[PDB]
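A.B. asks: Residue numbers (the authors' numbering), protein chains in the order written: chain D, 4 to 366; chain A, 4 to 366; chain B, 4 to 366; chain B', 4 to 366; chain C, 4 to 366. A prime marks a further copy of an entry chain. In this text, a Cβ means the ideal position worked out from N, Cα and C, and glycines have one as well.
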Ligand SMILES: Cc1cc2c(cc1C)N(C[C@H](O)[C@H](O)[C@H](O)COP(=O)(O)O)c1[nH]c(=O)[nH]c(=O)c1N2
Ligand SMILES: Cc1cc2c(cc1C)N(C[C@H](O)[C@H](O)[C@H](O)COP(=O)(O)O)c1[nH]c(=O)[nH]c(=O)c1N2
Ligand SMILES: Cc1cc2c(cc1C)N(C[C@H](O)[C@H](O)[C@H](O)COP(=O)(O)O)c1[nH]c(=O)[nH]c(=O)c1N2
Ligand SMILES: Cc1cc2c(cc1C)N(C[C@H](O)[C@H](O)[C@H](O)COP(=O)(O)O)c1[nH]c(=O)[nH]c(=O)c1N2
Ligand SMILES: Cc1cc2c(cc1C)N(C[C@H](O)[C@H](O)[C@H](O)COP(=O)(O)O)c1[nH]c(=O)[nH]c(=O)c1N2
């Protein structure tokens with residue numbers, strides 16, 4: 004509590020950037036109550052598959068950090084709790100540990116304290132245009148004995164950074180498609196707060212990507228975070244960032260767009276998942292699991308007991324929503340009755356998402 | 004800073020008239036975020052055609068002023084900055100310069116400091132019913148070696164002015180049609196804050212006019228400006244003007260209406276364009292270029308450095324929206340995916356704009 | 004200013020009952036602006052027919068009062084101004100003057116100071132329920148040399164009266180149909196603030212009534228007026244009236260319902276008409292004439308000059324809406340382009356108003 | 004209603020400058036209610052002396068305008084109503100009419116329609132600073148057969164003028180003392196919205212001035228008026244004027260300061276007098292007469308009838324305050340019981356106004 | 004605009020810490036307006052003495068920064084503008100430059116571009132408790148050829164720092180008294196936002212300090228700044244700092260306390276001076292000169308022209324206050340009439356500041 008944290012963690016944890024001027028559109032999704040659930044709360048089974056492993060609840064912690072000692076302390080807390088609950092955990096970008104051996108332990112610690120759960124490696128898509136490839140993926144994976152690797156897209160954050168220029172030439176996907184052949188674990192492509200559209204999902208699927216993490220708008224606003232970095236430097240790009248605070252595909256729309264355009268994908272619904280009711284909605288809408296990042300960071304900073312109480316609350320809320328929809332298991336929740344209203348309805352109509360066909364696909 | 008400005012400039016620059024009680028409907032248009040853009044920021048090309056010239060960015064400054072020394076100094080600042088950025092500039096109505104030789108310099112200064120960019124001349128449609136014709140158009144054009152001439156429509160402003168009566172007999176378009184035959188440059192017909200409908204666009208097109216500048220409601224509210232002139236005179240028309248503050252076709256609806264009804268038009272989207280994101284929206288919706296007047300005037304009054312900063316910000320915001328839609332160039336932006344929601348969707352439905360065919364036409 | 008007025012006039016003029024918790028739905032109707040109107044302001048012709056007479060402007064003052072000296076003074080003001088402007092005027096219910104000779108002059112004064120315009124007699128439907136018949140109708144007409152007689156429906160007001168029991172049995176319409184055979188002037192059936200539905204209009208038309216005045220919700224709220232009378236008496240019906248403050252067909256929807264269900268009707272659009280723009284919207288939507296009551300009462304109380312200024316304002320606003328839709332005359336305004344949005348659109352869709360056929364019917 | 008008014012009249016009448024960010028402190032003065040007044044309403048006598056004449060009510064209209072035709076029309080309205088009510092009227096500064104013969108009639112009209120009441124000429128102190136002398140003072144008096152001449156102080160307004168440099172050297176008071184020797188009528192020195200302090204009153208009294216008009220803060224805010232002129236010119240002095248909007252001695256404190264420091268003065272209490280109750284408070288606090296300017300201007304603009312209703316209201320409110328303090332005449336109101344509270348009390352204590360002796364002085 | 008600033012400068016310039024939950028009490032001080040000033044604006048003389056030099060205006064820029072290249076750039080701007088306006092400038096703490104030769108140039112540059120005005124060096128009282136002695140003071144003075152050195156007190160900022168333990172033992176004052184013997188320039192002791200009380204002023208004067216800078220609460224809130232640094236680190240001291248946001252002696256009360264307790268002091272009135280009227284109030288209350296820091300930093304960050312404009316406004320506001328109190332020079336302003344009200348009057352009463360004697364002392 005004396006030394007400063009890296010600036011992006013300092014801002015995410017302590018500034019007003021969660022859902023700032025943005026929306027998941029989850030308020031436009033209603034799960035229909037069943038006054039006769041047909042199940043017992045104690046029979047509800049929240050187990051599900053995550054590649055070759057079984058996990059205890061259809062939630063994951065998505066990648067955030069690593070690379071300095073204090074960041075390894077936060078990673079260790081999150082991993083210990085994730086191991087206890089049987090939930091998968093992604094790490095943050097491993098680029099610093101690829102570059103510097105001293106940064107490695109703040110990632111490897113995760114696997115030491117969480118030997119059984121799925122652990123998910125992380126590198127950013129622009130690194131593929133800047134020299135990273137098969138070897139650096141394998142290094143990231145072996146560092147934490149990962150069961151998958153996430154490749155993140157963050158062009159909106161990069162456009163509004165004080166220095167910088169997003170680079171997403173098609174060569175990156177050509178290289179990723181090559182790497183996907185040689186890796187021993189699956190690739191998931193995720194956004195970083197601005198969501199995945201049907202066009203992007205279909206382009207990724209054409210290069211062999213089958214696993215996606217929506218990371219839609221409505222949760223951590225990385226455009227807001229770069230706006231605050233720009234404010235702190237007296238950088239005029241801050242006022243430009245302000246005009247883009249509601250840029251991106253809202254999480255509920257991105258889950259519908261990826262499930263509809265890639266019906267057989269393995270889909271993580273994330274970006275603004277803050278309760279187990281949000282998690283249930285994301286699954287019923289079409290995700291296979293719900294992901295969360297910021298609220299886990301905030302609770303882990305408060306400490307291990309805070310984070311265990313956080314997962315207790317999320318799991319309770321998910322099971323309440325399953326009980327009150329008569330969903331005895333995760334498969335039943337994916338098929339349960341919903342109502343779609345409001346702006347989400349209008350988004351799907353304009354985008355050509357024929358709801359009857361949608362309903363069949365999501366199940 | 005001692006002498007009063009002309010009354011309409013004083014009010015537009017310093018009273019609350021920008022979007023007063025009115026709306027562009029641009030908030031109902033969303034550009035769909037592409038988390039894999041397929042391009043590098045440094046590859047984005049914003050060049051586009053403006054008649055026989057290329058311009059650097061698909062934006063123009065539309066006509067505002069001229070005719071007095073202090074107005075000449077604002078024109079000179081705006082023209083030097085436009086020249087430096089490679090953007091077209093319209094001047095304000097040249098009627099006073101046609102009438103008085105001493106008023107000419109405050110228009111001509113534009114072409115002196117901006118020898119390369121397109122410069123657009125300006126006369127009012129009602130002058131055509133009051134003796135102006137071919138010679139006065141040629142004179143307006145020669146005064147600034149213009150590349151085009153804008154003919155403005157402002158009946159709403161004229162209805163509420165303390166004095167006066169709009170005159171828009173069809174003879175004006177008969178005369179404009181004859182003129183267009185003899186002129187060496189194209190004619191653009193523009194509104195002045197209340198927008199172009201399908202009926203107006205089709206009537207103009209039927210007299211040979213193919214170049215339109217929407218100047219929709221949502222930006223400078225000229226009904227509110229005359230309301231303020233009437234308030235200042237103790238004139239009761241002020242309360243009637245109040246009842247019409249939201250009169251007009253909103254800029255986004257007018258861009259759709261003109262593009263749908265006149266698919267081969269060259270279309271400036273203006274009226275309440277206040278960021279490069281608004282500009283990108285207007286182009287994606289169907290415009291060829293985005294036009295701005297009031298914010299350029301306010302920054303030019305602050306000075307040359309303020310207006311250079313203003314254009315740097317608009318350009319950066321337009322490039323951010325192109326980067327985040329995967330639009331490598333202006334042609335790509337015109338075909339990028341959008342969502343239309345809300346009142347703009349209801350407007351297009353009632354007006355018979357078949358969205359399937361809309362999407363095809365805008366591209 | 005020393006003696007109290009009759010209670011319903013005192014409440015209407017001075018309590019907050021105009022539009023209380025109620026809506027005309029006119030905000031959902033947009034008149035499409037035409038930047039090239041095709042006319043000059045001075046050629047606009049506002050003349051129209053009202054039965055066998057021509058009137059100067061398509062607006063009428065609907066019935067409000069009469070029956071005491073002070074009410075006769077307000078009637079004289081309204082009538083002299085109406086005569087000067089060439090606009091028709093209805094009087095308030097003539098029941099008291101049928102009952103008492105001393106109450107006659109406060110009605111007859113209207114024809115004395117207004118010899119040329121149309122003057123519309125008034126009796127309530129509940130008087131036909133109670134045995135008024137042909138002679139009392141003839142006497143109401145003769146008293147003011149009326150050009151028509153309006154029969155008002157006010158069941159909502161009657162239900163919430165401290166004393167009240169409305170009776171609206173079908174034999175009253177049998178009596179009215181018999182009476183219509185023997186009168187020299189046409190009958191108009193109007194509501195009193197809660198609007199005419201398609202069922203009510205079709206029922207009235209089946210008994211021979213062809214002239215209707217909507218008197219929809221959104222203007223004077225007569226449920227609110229009786230709520231206030233109940234409050235002043237410590238009567239618990241006030242809380243019940245509160246629950247009905249938004250009861251009734253909104254003016255814009257009643258115009259649509261009557262014009263669609265009775266396409267040949269002569270239709271006054273009234274209830275909450277408060278500007279010339281509201282008047283123009285009522286006519287473009289399907290009315291022949293716009294009617295107003297409360298704002299005329301409030302201005303007449305202020306005095307003759309205040310009421311002349313009031314009409315000047317309404318007329319100017321109507322002509323501005325005509326000018327800015329390119330409507331050279333009232334017939335053109337009836338066919339001008341509009342947009343219907345919002346709740347009005349949903350109301351019409353649910354009620355089976357096929358908008359295509361609506362547009363044809365209204366013109 | 005078509006030509007613009009002179010700028011300071013346009014701003015005063017129609018912008019929000021009455022009491023802007025300023026206070027009369029009259030809310031800190033309570034007149035003690037007397038439940039047994041000892042008089043009947045009809046015996047109240049409001050007559051008082053104004054120099055050699057008797058006036059009907061202890062109120063005057065203070066100087067505002069003149070010098071153009073339209074300003075002459077407002078002066079004629081005020082003067083005819085003042086003559087009808089028996090109240091004195093001052094004219095606005097006569098500088099323009101001293102400079103230009105064509106501007107004379109807009110002042111002289113006052114004496115033509117008001118032959119009997121006191122009429123007070125007006126010139127500014129800055130004219131004495133600039134070499135106006137005895138003949139220009141005599142000419143200002145003769146122009147309207149004035150009964151007195153007011154010399155106004157307006158340094159605060161002059162400091163914030165776009166153009167301004169106030170000069171208030173002691174030789175002007177030497178000139179004024181010389182002039183006073185040779186005039187046939189008395190001089191009143193008044194402020195212009197920022198109030199007379201004890202230092203200023205004692206300095207003026209040392210040069211022979213015995214008649215003062217407080218013109219304190221809380222009413223028309225002339226710093227605010229010049230702030231608005233600076234805003235309209237894009238002049239940065241506007242922000243400085245903003246910081247001074249509450250500069251000056253509040254009217255109630257200026258009445259106390261002048262009556263205490265100059266106990267034999269003839270004292271007009273003005274600045275923010277807006278009701279007959281404010282007028283009665285000013286007199287009970289120590290003024291001889293209450294003066295008003297802005298509300299008279301606003302009512303005269305409305306018309307003769309509006310200004311007659313205005314005076315009827317002020318007079319009735321004054322007589323109600325006289326009745327309810329048991330004050331049968333103006334002398335009694337001057338001695339009636341009051342309470343001083345709040346900031347006014349603290350102001351007086353800090354300024355060394357021994358309230359015991361204050362009560363004796365005021366009476 | 005790309006690299007981060009040092010954290011205290013980032014927070015002060017761009018977070019909401021000016022006057023946060025604190026008050027100068029300057030709103031309780033009124034300068035009495037003089038409607039006959041007795042002077043001309045052009046004759047007002049703002050020159051005054053600052054030790055052995057004459058300065059152009061009685062305002063100084065107090066110490067803020069230096070020690071890194073970007074901090075040297077801001078110092079260069081402030082010193083160039085200060086030299087232009089003839090106003091003294093203090094630098095920020097020189098500790099880093101005593102420690103590291105590379106940090107010297109970012110202070111020295113001040114004397115290079117400002118060869119004439121008074122420059123004031125700066126070290127903290129905590130360096131005397133640690134270890135600094137005569138040579139390090141001499142070195143700070145020679146580094147910039149200073150005309151005086153300020154020694155700052157900042158115990159409240161130190162208490163709330165994430166790492167802090169303030170130490171203010173009396174041997175530091177013994178050391179300062181010994182150093183003062185051997186310096187060739189005077190020492191000023193200043194606070195840093197929490198004000199100087201009569202106890203602290205008397206204690207300092209007993210060790211030979213004769214020059215003081217109040218730096219009261221109401222301006223830059225350094226407990227707020229440390230509160231935000233604590234929030235950024237997740238440090239629970241932030242909630243404790245919250246409870247102390249309004250800790251300290253308000254600037255106006257600190258000026259009265261130090262002038263009353265040390266009547267012969269040379270006194271800078273600072274902490275929340277934001278306009279020339281604030282500056283005038285501080286001088287009239289008892290200060291010799293008014294000091295500012297934060298608004299100078301914010302303008303310097305915008306650029307040299309912004310800073311020049313900021314000083315033009317301050318000087319104009321000061322001269323307006325001088326003009327409107329009839330104060331021909333600074334000595335006159337120091338004796339001009341005031342009113343003290345409200346909490347400031349209560350504070351002085353409770354603290355035994357006999358206002359009679361106060362008046363005499365301040366003059
Ligand atoms: C502090 C912190 C840091 C990072 C992130 C987030 C946070 C809060 N996120 C993005 C994260 O995985 C997730 O996609 C978004 O934050 C949206 O989910 P939430 O709204 O936060 O639940 C992230 N994403 C990733 O792929 N690589 C990483 O290095 C990081 N770093
Ligand atoms: C002060 C000023 C003056 C003018 C205008 C505007 C302003 C702000 N505009 C209309 C302008 O070109 C534009 O169509 C509208 O103002 C809408 O765009 P903005 O919302 O202002 O960006 C205008 N247009 C025109 O064709 N001739 C002209 O003389 C003027 N004068
Ligand atoms: C004071 C007053 C008195 C009456 C009325 C109204 C008012 C305000 N109205 C109803 C009126 O004609 C009209 O239908 C409604 O008031 C709705 O129009 P406005 O919203 O008032 O313009 C009414 N109508 C009627 O047919 N006979 C009448 O006696 C009266 N009395
Ligand atoms: C429109 C207008 C114009 C003038 C003024 C006022 C107004 C409103 N006032 C000042 C006026 O006499 C009076 O002292 C102040 O306005 C304060 O009183 P009110 O608050 O306005 O009642 C003013 N006074 C003066 O002595 N000579 C003048 O020429 C004018 N001009
Ligand atoms: C960014 C910045 C940094 C510094 C300061 C201020 C600011 C704004 N201040 C305190 C400054 O001199 C002054 O006493 C207080 O800020 C109060 O005055 P203002 O309210 O800021 O005008 C300060 N004082 C000091 O003696 N040595 C220093 O190093 C600094 N550093």
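Taking 8 Å as the line, does the beta carbon of residue 276 of chain B' fall inside it for any heavy atom of ligand 4?
C.D. replies: For this step, residue 276 of chain B' is matched to residue 273 along the fourth chain. In terms of side-chain proximity, the C-beta atom of residue 276 of chain B' is found nearer than 8 Å to a non-hydrogen atom of ligand 4.
A.B. asks: Using a Cβ-Cβ cut-off of less than 7 Å, give me the residues of the region 257-268 of chain C that come near chain B', in sequence order.
C.D. replies: none
A.B. asks: What I want to know is whether the C-beta of residue 38 of chain D ends up closer than 8 Å to one or more non-hydrogen atoms of ligand 2.
C.D. replies: Looking up residue 38 of chain D in the first chain gives position 35. Every heavy atom of ligand 2 is 8 Å or more from the Cβ of residue 38 of chain D, so no.
A.B. asks: To be precise: take each residue of the region 267-289 of chain A, compare its Cβ to all Cβ atoms of chain D, and keep it if any distance is under 7 Å. Which residues remain?
C.D. replies: 278 and 280
A.B. asks: Specify, as a first and last residue, the run of the alpha helix (DSSP H) that residue 201 of chain D falls within.
C.D. replies: As a working mapping, residue 201 of chain D is identified with position 198 in the first chain. Where residue 201 of chain D is concerned, the enclosing alpha helix (DSSP H) stretches over 201-209.
A.B. asks: With 9 Å set as the bound, which would you pick, yes or no: does the beta-carbon of residue 303 of chain B' sit closer than that to a beta-carbon of chain A?
C.D. replies: Taking the first residue of the fourth chain as 1, we reach residue 303 of chain B' at position 300. So no, residue 303 of chain B' is outside the interface.
A.B. asks: Are the C-beta of residue 350 of chain B' and some C-beta of chain A separated by less than 9 Å?
C.D. replies: Position 347 of the fourth chain, counting from 1, holds the residue named residue 350 of chain B'. The beta-carbon of residue 350 of chain B' is placed no less than 9 Å from the nearest beta-carbon of chain A.
A.B. asks: Thinking C-beta only, is residue 95 of chain D closer than 9 Å to residue 67 of chain D?
C.D. replies: Translated into positions along the first chain, residue 67 of chain D becomes position 64. Translated into positions along the first chain, residue 95 of chain D becomes position 92. In contact: residue 67 of chain D and residue 95 of chain D (Cβ atoms closer than 9 Å).
A.B. asks: Note down, in chain order, every chain D residue with its Cβ under 8 Å from the Cβ of residue 5 of chain C.
C.D. replies: As a working note, residue 5 of chain C is residue 2 in the fifth chain. Result: 165, 166, 236 and 238.
A.B. asks: Please confirm whether any heavy atom of ligand 7 lies closer than 8 Å to the CB of residue 249 of chain A.
C.D. replies: Ligands in the displayed structure: ligand 1, ligand 2, ligand 3, ligand 4 and ligand 5; ligand 7 is not one of them.
A.B. asks: Would you say residue 342 of chain A faces chain D, with C-beta separation under 9 Å as the test?
C.D. replies: For the purposes of this step, residue 342 of chain A is taken as residue 339 along the second chain, with counting starting at 1. Yes, its Cβ sits closer than 9 Å to a Cβ of chain D.
A.B. asks: If contact is defined by three or more beta carbon pairs under 8 Å, each pair taking one atom from either stretch, is the region 242-255 of chain A in contact with the region 157-166 of chain A?
C.D. replies: yes
A.B. asks: Pick from D:207, D:55, D:185 and D:153: whose alpha carbon is nearest that of residue 173 of chain D?
C.D. replies: As a first step, residue 173 of chain D is located in the first chain; it is residue number 170 there, counting from the start. For the residues D:207, D:55, D:185 and D:153, the minimum Cα distance to residue 173 of chain D belongs to D:207.
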